[PDB]
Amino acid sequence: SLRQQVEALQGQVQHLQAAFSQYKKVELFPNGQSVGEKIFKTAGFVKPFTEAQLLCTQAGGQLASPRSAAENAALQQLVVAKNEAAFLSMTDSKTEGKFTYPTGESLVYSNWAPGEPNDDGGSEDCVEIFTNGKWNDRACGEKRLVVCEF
C-alpha cells in the first residue's frame, strides 16, 4: 500500500519536473536569460533610473547587476535583442567616483568602456550597458531599457 502511494507520488513529481522544465523555456522566451542561479528579464520598455529601480524592487528583485563576465554576456543578449542600452543597478550617488551595488557593497566586477566612468558634465551617477556589453556612466534622469534580475 505504501509503495503504491510512493510510486504515485513519484509519478506526480516526475510529471512536474517535465512540465516545469517546458514552462521555464516558455517563460524566458523572448525576454529572459538564465545564467547560473540568476535570471535577467527585461520589461521591454525604457524608464528613468529611479522608476526602473522601483519597478524591479516592487517585483521582488532589483535592477540588473552583472557580477561576472558570464552574467554580463547573458544580460548583453537581452540588450542586443531589444537593441536598447539598459540601466544597471549600480551608482556612485553616495560618493562620486565610487560605484556600489544597492546594498552599498563595492563592485566585484566591471566592464567599463574605454575612458569610463567619466562623470560627463559632472552629473553621471548611473550606469548603462551597451549592445557591445561595455558599460558607461550616464545621467540617472535619462531613459534606458528596464532589466531586472531575480
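So that the term is clear: the rigid core is the largest set of C-alpha atoms that superpose within 1.5 Å between two forms. Just count from 1 along the sequence shown to find any residue number.
- Farther on average from this form in 8 other deposited structures of this protein lies stretch 11-19, the comparison being between 11-19 and 132-140 by RMS Cα distance after core superposition.
- The stretch with the higher mean CA B factor, choosing between 24-32 and 106-114, is 106-114.
- Stretches 139-147 and 3-11 differ in mean CA B factor, with 3-11 having the higher one.
- Sorting 54, 88, 39, 85 by the CA temperature factor given in the entry leaves 54 at the top.
- In the deposited entry, the Cα temperature factor of residue 43 sits in the middle third of values across the chain's modelled residues.
- Ranked against the other modelled residues of its chain, the C-alpha B-factor of residue 96 as given in the entry falls in the highest third.
- Residue 81: CA B factor in the highest third of modelled residues in this chain (values from the PDB entry).
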